[PDB]
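S.K.: Numbering (the numbering used here), first residue to last: 165 to 425.
By construction, the Cβ of each residue, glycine as well, lies at the ideal position given by its N, Cα and C atoms.
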Ligand SMILES: Cc1n[nH]c(-c2nc3cc(C(C)C)ccc3[nH]2)c1C(=O)NC1CCN(C)CC1
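(1) What does the Cβ neighbour count give for residue 321, buried or exposed, with the cut at 16 atoms within 10 Å?
(2) Should residue 327 be counted as a contact of ligand 1 given a C-beta to heavy atom distance under 7 Å?
(3) Have a look at residue 326 and residue 233 and give me their C-alpha separation to the nearest angstrom.
(4) Would you mind reading off the limits of the beta strand (DSSP E) that contains residue 265?
(5) Near residue 259, what residues of its chain come up, given a Cβ to Cβ distance below 8 Å and the 5 sequence neighbours on each side ignored?
(6) If you follow the beta strand (DSSP E) that residue 444 is part of, which residue opens it and which one closes it?
(7) Taking Cβ positions, are residue 358 and residue 309 nearer each other than 8 Å?
(8) Examine the Cβ distances between the stretch 238 to 258 and the stretch 192 to 201 and report whether three or more of them are shorter than 8 Å.
(9) When DSSP builds the beta bridges, which residues end up paired with residue 187?
(10) Leaving out the 5 sequence neighbours to the left and right, which residues in its chain are closer than 6 Å to residue 356 when beta-carbon positions are compared?
(11) Of the choices 272, 166 and 201, whose alpha-carbon is the least far from that of residue 178?
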């Protein structure tokens with residue numbers, strides 16, 4: 165009634181590889197993430213996962229260790245990665261991007277309300293269930309940034325360069341929440357344009373300098389309608405203190421635009 169055949173490999177998490185596992189008896193499907201502690205940073209992932217319960221967060225069912233092998237038992241999302249819904253050079257229909265973005269923000273508000281920062285928000289880590297509902301996955305790089313109501317600044321560089329905020333390259337210490345916001349902005353750009361705007365947010369990238377100089381007649385920006393673009397102007401702001409926060413994202417005109425049946 166509860167041993168699982170590992171039916172196929174789904175890919176790799178930040179730590180370990182994920183398999184689709186099917187219950188021989190009940191036919192129930194879960195994802196099993198398999199982490200070779202040999203061939204602590206994983207302990208934290210398990211710890212963080214036990215705090216989480218939200219409809220836009222990949223459910224954690226339990227863990228079992230067998231030798232040097234940690235298994236984490238996670239919600240299977242049969243829709244796969246948001247990454248695979250993004251057409252290269254094209255993006256996806258604006259109403260689809262909006263609903264995904266709304267679902268992203270719900271999950272991120274949730275994390276940040278319990279004091280957790282994800283730190284590697286990108287389409288490969290955003291999963292779709294059978295109803296195309298988005299779930300945030302993979303807490304391998306996640307960390308506590310608020311505890312007993314006191315914030316701590318982050319100092320370690322974590323994340324994926326095209327998605328990372330510029331302060332994380334430029335400051336010894338920085339606030340966790342505007343990092344996650346920025347990376348949500350790069351995801352929205354990807355969804356609406358089917359391309360990433362720069363290799364990293366450095367003045368050393370021409371495309372990044374072009375964005376700061378507001379050359380929005382260039383790609384990817386010219387593919388994006390004026391209303392979402394105006395949101396991206398407020399998310400992709402280099403100084404993290406002047407960057408829009410989630411409460412204000414939720415007030416944004418595109419965010420609230422009716423689009424989708
Ligand atoms: C925890 C989880 N639940 N469901 C899926 C999943 N369901 C999936 C369903 C499919 C379908 C299209 C067969 C494909 C991948 C899927 N992943 C995963 C998972 O971690 N996938 C990782 C995410 C990172 N990637 C870098 C590698 C893969």
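M.R.: So, from the data block:
(1) The residue given as residue 321 occupies position 157 in the chain shown. Classification for residue 321: exposed.
(2) In the chain shown, the residue the question calls residue 327 occupies position 163. Answer for residue 327: no, Cβ out of range of ligand 1.
(3) Locating residue 326 in the chain shown gives position 162, counting from the first residue. Locating residue 233 in the chain shown gives position 69, counting from the first residue. Each residue's Cα considered, the two are about 32 Å apart.
(4) Translated into the one-based positions of the chain shown, residue 265 becomes position 101. Where residue 265 is concerned, there is no enclosing beta strand (DSSP E), although the alpha helix (DSSP H) it sits in stretches over 258 to 277.
(5) Sequence index remark: in the chain shown, residue 259 carries index 95 (1-based). Same-chain partners within the cutoff: 423, 424 and 425.
(6) Coverage of the chain is limited to positions 165 through 425, which leaves residue 444 absent and any answer about it impossible.
(7) Position 194 of the chain shown, counting from 1, holds the residue named residue 358. Position 145 of the chain shown, counting from 1, holds the residue named residue 309. Not in contact: residue 358 and residue 309 (Cβ atoms no closer than 8 Å).
(8) yes
(9) If you number the chain shown from 1, residue 187 lands on position 23. Answer is 168, bridged to residue 187.
(10) Locating residue 356 in the chain shown gives position 192, counting from the first residue. Cβ within range, chain order: 255, 261, 388 and 392.
(11) The residue given as residue 178 occupies position 14 in the chain shown. The option with the nearest alpha carbon to residue 178 is 201.
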